[PDB]
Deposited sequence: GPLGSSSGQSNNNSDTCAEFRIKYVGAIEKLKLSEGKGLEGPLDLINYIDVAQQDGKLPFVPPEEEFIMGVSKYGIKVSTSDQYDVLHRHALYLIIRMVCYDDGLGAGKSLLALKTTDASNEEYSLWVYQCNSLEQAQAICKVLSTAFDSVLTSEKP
């Protein structure tokens, strides 16, 4: 149950490499924007779910790269692809670390 600081991007109504592309296509079209508004939201990573809540069983994959900022990607379930934006890469990678044991928590 740790809390974080992020920026929001948007949502859609085999490996992680494919997930990055689907954002880059939906970004070059205009479905989801590149640079977000400065509005800072809390992304709490609890045992219950991603605290607007997301499951821990239905979640599949988390990706973080460098679009000196970063990006984020989820996979809840017809599939969903929730996209965010982190302050840096290290903190974006640090969120994965929480999911590494929160998965082993259930």
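TODO: Map the modelled residues onto the deposited sequence and report the uncovered stretches in sequence order.
DONE: Residues missing from the model, as numbered along the full deposited sequence, span 1-16, 30-39, 78-87, 104-107, 118-122, 152-157.
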